[PDB]
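Have a look below at one chain only, the form deposited in one PDB entry, in structure tokens format.
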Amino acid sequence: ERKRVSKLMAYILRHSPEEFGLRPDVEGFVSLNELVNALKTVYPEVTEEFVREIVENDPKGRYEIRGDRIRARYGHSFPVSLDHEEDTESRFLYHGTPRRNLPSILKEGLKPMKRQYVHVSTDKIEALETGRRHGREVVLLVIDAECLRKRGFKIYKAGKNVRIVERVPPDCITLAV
């Protein structure tokens, strides 16, 4: 049950709020009341406290609540002004992706594709888990963070391990494993 409701929250808060009549503010926030009513049109047993539990217990830091407002921290496919802190300490960042994507990435770099930002991780396991969601022969990409910073692509702390960046030029991918 928790996972079904969390997935629908991610759909609403990252991709299609307007399908439920919700309009996020410039920071990606909608009211908690609004989200709850939206979720109840699919899962009528949902309550504000159950959503608060989802948020507190999320293992990746998917969600954030500011008072009576909630957003997804990352993953959006529509414009958001996020106020996350910069990751200045990480030396290496990781991105897992099916091997079938590697020729294109070696030419183009990582691109945000359908989302606003490229997502990477400080954590090798989480990067690989993400890649494996997409397909079978996952490669772990090792990314030189300081390369990114040098080229004006600042990295931001979007979740526990999740990091967001505008793009990752192929020169900043040091290894594919």
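The numbering used is simple: start at 1 and walk along the sequence shown.
There is another form of the same protein, the form deposited in another entry; it is not shown, and what comes next is about it.
J.: Among 83, 114, 57, 26, pinpoint the one at the hinge where one rigid part of the chain turns on another between the shown form and the other one.
T.: Comparing the two forms, the hinge residue turns out to be 83.
J.: Any idea whether residue 120 and residue 64 get closer or farther by CA distance in the other entry, knowing it moves 3 angstroms or more?
T.: They are farther apart; the C-alpha distance rises by 3 Å or more in the other entry.
J.: Could you tell me whether residue 63 and residue 145 have their C-alpha atoms closer or farther apart in the other entry than in the shown form, knowing the shift is 3 angstroms or more?
T.: Farther apart, which means the C-alphas of residue 63 and residue 145 are at least 3 Å more distant in the other entry.
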